[PDB]
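One chain comes next, on its own, written out as structure tokens in the form deposited in one PDB entry.
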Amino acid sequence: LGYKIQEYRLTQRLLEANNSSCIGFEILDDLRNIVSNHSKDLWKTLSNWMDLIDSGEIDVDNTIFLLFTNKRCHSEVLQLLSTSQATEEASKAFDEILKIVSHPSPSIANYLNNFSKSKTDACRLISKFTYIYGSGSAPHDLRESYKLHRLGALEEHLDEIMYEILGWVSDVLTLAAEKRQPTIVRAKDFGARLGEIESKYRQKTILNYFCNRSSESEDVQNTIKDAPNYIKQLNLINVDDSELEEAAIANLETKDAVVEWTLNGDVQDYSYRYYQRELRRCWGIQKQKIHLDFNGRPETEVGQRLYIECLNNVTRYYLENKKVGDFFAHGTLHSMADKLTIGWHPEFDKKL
């Protein structure tokens, strides 16, 4: 609780951020009231923050600062620091130095003297910095924020994504805590880690479809008598009707799997059109190969050989760099031939 709810809030304010802002945490106030008027640790953190500003490595325009005490702490200037946001500050006047300070307890005067001396660090920092209490419900709030803000947020692997991103945030906070340099965690590194975490689980090399059809189904038996324009091409090559059942099965399962895989975001229309270009080239190779080898034969025999050689060869192709079953590669050839694109018969162009 003391160490675990200090990284839910940084993740919750990093998830609701752009791809350019750098958010700096402070991991302060480990214990009267925790936040007093002349809080030496708060002025030390302010001095370190502004010394990080004049170092030149950190942008001032798009950097958000925070304070985390996980307690109300009942202070007036702490509420003033939590409050005056951009513009605001009653009516403007960002030159609000020595307001209700009045030089208390001059033991370490260097922090307030350096804060009052500088003019570029006593002015847009407070309007961008806000202070937030603990209010522990943060494993629920961050879980809601991930599914609300992140486009394409995975919900099945929700706990296995949200664990190592908190581990990365904890590792960054700890490694920046040993070196004593605040924390200059940027949203670009957080975004790269989140993208790698999601793309680890978004890896797949086989697209699975449940081939539960059969030769005795109603829709398979209708297409033989309906005769669409791929069954019509097989009727000139004198193939037996035993092939025409799984010819109609593979065509019906190719259209049923295209709409299934598209709706899950796996494939789209460009990827199936590329897959309908790779198999179209494969038909062009075996077309001239069979005419080369089996020359001087009747066209019923040559037309049958082109169907068999194109069935044993198109099974090696991939869709979205993923392996597909034999039903998809067999059935796409018929769905090519439906709009008269490829032909098993050598004279299918002027006969259909």
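We call the rigid core whatever largest set of C-alpha positions still superposes within 1.5 Å between the two forms. Residue positions are given as counts along the sequence shown, with the first one as 1.
The same protein has a further form, the form deposited in another entry, not shown here; the description that follows concerns it.
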Residue among 148, 227, 259, 206 whose Cα moves 2 Å or more between this form and the one not shown, once the rigid core is superposed: 148
Is_shifted residue 71 between this form and the one not shown (CA, 2 Å cut-off, rigid core): yes
Cα displacement of residue 343 between this form and the one not shown reaching 2 Å, rigid core superposed: no
Cα displacement of residue 41 between this form and the one not shown reaching 2 Å, rigid core superposed: yes
